[PDB]
Amino acid sequence: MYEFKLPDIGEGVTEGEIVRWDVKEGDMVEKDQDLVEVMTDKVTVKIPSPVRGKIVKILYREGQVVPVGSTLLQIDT
């Protein structure tokens, strides 16, 4: 039941926008994927995913913007 939340690398920053997704619902993933881009204010930064398991469901879609402080995906481990 690992909950993945967007960490604040920079200052406070209160915004979460998804430009590209590296995974899809109903598919398996391995601890080795760095094709995910997360935009905070006005910059694109790539970060590797140190997690693995099974994807249950996706509540967020491409082009969706929401203030920082939520889980973009529920994953069982």
# chains A, B, ... in the order shown; residues from 1 in each chain; ligands from 1
$ residues_around --residues "segment 10-23 of chain A" --least-positions-apart "2" --cutoff "8 Å" --atoms "only C-alpha atoms" --output "PDB file with C-alpha atoms, in the first residue's frame"
ATOM      1  CA  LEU A   6       5.049  14.533  -5.731  1.00  0.00           C
ATOM      2  CA  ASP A   8       8.892  19.456  -3.297  1.00  0.00           C
ATOM      3  CA  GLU A  25      -3.306   1.227 -15.629  1.00  0.00           C
ATOM      4  CA  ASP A  27       0.311  -2.849 -16.760  1.00  0.00           C
ATOM      5  CA  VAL A  29       6.346  -2.051 -13.927  1.00  0.00           C
ATOM      6  CA  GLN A  33      11.927   3.796 -15.356  1.00  0.00           C
ATOM      7  CA  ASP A  34      12.956   7.451 -15.871  1.00  0.00           C
ATOM      8  CA  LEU A  35      10.517   8.482 -18.621  1.00  0.00           C
ATOM      9  CA  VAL A  36       8.234  10.467 -16.293  1.00  0.00           C
ATOM     10  CA  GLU A  37       8.201  14.273 -16.410  1.00  0.00           C
ATOM     11  CA  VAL A  38       6.699  16.348 -13.602  1.00  0.00           C
ATOM     12  CA  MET A  39       6.212  20.112 -13.891  1.00  0.00           C
ATOM     13  CA  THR A  40       5.975  22.279 -10.767  1.00  0.00           C
ATOM     14  CA  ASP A  41       6.137  25.976 -11.689  1.00  0.00           C
ATOM     15  CA  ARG A  61      -5.056  12.162 -16.463  1.00  0.00           C
ATOM     16  CA  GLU A  62      -2.749  14.041 -18.825  1.00  0.00           C
ATOM     17  CA  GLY A  63      -3.140  17.833 -18.711  1.00  0.00           C
ATOM     18  CA  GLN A  64      -4.605  17.762 -15.182  1.00  0.00           C
ATOM     19  CA  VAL A  65      -3.415  20.372 -12.650  1.00  0.00           C
ATOM     20  CA  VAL A  66      -3.913  20.180  -8.856  1.00  0.00           C
ATOM     21  CA  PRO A  67      -2.248  21.852  -5.759  1.00  0.00           C
ATOM     22  CA  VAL A  68       0.558  19.867  -4.094  1.00  0.00           C
TER      23      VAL A  68
END
$ atom_distance --atom1 "atom CA of residue 74 of chain A" --atom2 "atom CA of residue 9 of chain A"
21.7 Å
$ residues_around --residues "residue 50 of chain A" --least-positions-apart "6" --cutoff "9 Å" --atoms "only C-alpha atoms" --output "ChimeraX atom specification"
/A:30-33
$ write_last_selection --atoms "C-alpha atoms" --output "compact mmCIF listing (two decimals), in the first residue's frame"
# COMPACT_ATOMS: atom_id res chain seq x y z
CA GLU A 30 9.92 -2.70 -12.75
CA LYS A 31 12.24 -0.67 -10.53
CA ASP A 32 13.85 1.04 -13.55
CA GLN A 33 11.93 3.80 -15.36
$ residues_around --residues "residue 5 of chain A" --least-positions-apart "2" --cutoff "8 Å" --atoms "only C-alpha atoms" --output "PyMOL selection string"
chain A and resi 3+7+69-72
$ atom_distance --atom1 "atom CA of residue 4 of chain A" --atom2 "atom CA of residue 24 of chain A"
14.9 Å
